[PDB]
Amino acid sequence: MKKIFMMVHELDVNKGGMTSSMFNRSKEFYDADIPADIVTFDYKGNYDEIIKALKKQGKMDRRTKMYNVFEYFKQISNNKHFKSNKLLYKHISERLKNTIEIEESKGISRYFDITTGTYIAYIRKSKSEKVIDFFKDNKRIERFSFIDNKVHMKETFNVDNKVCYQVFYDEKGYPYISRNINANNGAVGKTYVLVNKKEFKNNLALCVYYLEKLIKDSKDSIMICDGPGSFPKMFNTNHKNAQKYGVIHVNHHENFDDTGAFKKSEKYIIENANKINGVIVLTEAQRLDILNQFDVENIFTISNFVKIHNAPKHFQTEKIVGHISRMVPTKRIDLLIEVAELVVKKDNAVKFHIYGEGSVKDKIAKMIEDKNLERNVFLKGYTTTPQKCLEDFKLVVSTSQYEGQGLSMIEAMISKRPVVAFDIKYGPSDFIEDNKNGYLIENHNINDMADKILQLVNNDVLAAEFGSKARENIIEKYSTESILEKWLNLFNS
């Protein structure tokens, strides 16, 4: 009776392909009678609300549990008291005594001392959530954060109005964990679990202790580490019999670097491959590269499980080119904008839909206006229904520079939509068959990409034939049966 634990720093709604990956892998293992659950190492007051959201959308399976370090201690504390922390509420109440109130917006109000004139507090009410900012010498010193009129967290601020210390309160209002935050970089330093009256060097120390308490040291206990930052938390555990795996979801080479350097985190995972049960990469291509560059052997290729949903009823006849991604520098949407310009200047009709949000969103938006493509290129924002958006596209495009495998492309192919993409490390090459199910463009060759988009976007028969062969190819190469078989081989060694 095996039981899996998938480590990631945090879970959220706007999240990329790594979380999509974990959720699908969780579903697939639960279907194989192995409970795969997620472990997180961050504080979030509204975690319950988030899980409810992720499960409603169908993104997260209902079966999958989410174990969290703070919640484990909040639980310990909840059960230690019976009466409410009335004292803390009186403490906050007392601070706002002889006060006059000045209104700003709706929820927003500032409180001044009736007798002295001193600025006392700032309160921002928002239905469920409320925030109280207390002041000393006209500078903010603390912030009491509430959810459903109950205090959950307290942050202390420095002279630069930056957090330097946090306190977390249980369901009864009692402090269970408090921790120093480095104001400069925002790094979590000394953690103090108040409930068990024990101190920790930092989150790594705390989470190692957590994992050692959460996971049984059985050979039937499996730790999978998806988050690269989370790796040392798994690596440093005293677990002698428990299985330890590390999954590398990205190109291990340092992004935008010609010096032949590697990503710091990934390098550490790769170097220590032999000291654990195995390091997993998505493409056989990346496996070879890693083996040829490093003196390790424990590297295995296991692709992502593919959710083979049913393909749309009809193909999109209208000239619509799609792109569903995290809006980041490596996805090179700037080059997609430059390709779009070449396309529209040869054919006015074609429309480009760019779903997603991120860092580069504003620069690309500004880039659209200057190039005068406001009527041709639209930033449709983050979707929660990618499958639905895919119906509306004639073809999908990828300007992405670096990739681990590229699920967005796989997803498009599954929903009978051909992909036009730059042949990069790693993934496009693996699933795309140039002039059969899609186009594999030479990396950075924006002019040739633009031409092969015009070719496909005007020929409705090709767009239909390519999209069909694309779905066929994914079902073939990425069979859920064969992928699970690869995992199970590792688990039984």
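We number the residues from 1 along the sequence you see.
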On mean Cα temperature factor in this entry, is 77-85 or 330-338 the higher one?
77-85
Per the entry, higher mean C-alpha B factor between 68-76 and 363-371
363-371
Among the choices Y268, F315, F157, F144, identify the one whose CA B-factor in the record is greatest.
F315
Please work out which residue in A183, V377, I102, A121 has the highest C-alpha B-factor recorded for this crystal structure.
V377
Could you look up the Cα B-factor of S26 in the entry and say which third of the chain it sits in: lowest, middle or highest?
middle
Record-listed C-alpha B factor of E94: chain third:
middle
State the tercile, meaning the lowest, middle or highest third, of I424 with respect to the CA B-factors recorded for its chain.
lowest
Within this chain, which third does the Cα B-factor at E391 fall in: lowest, middle or highest?
highest
Please say which third, lowest, middle or highest, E129 falls into when its CA temperature factor is compared across its chain.
middle
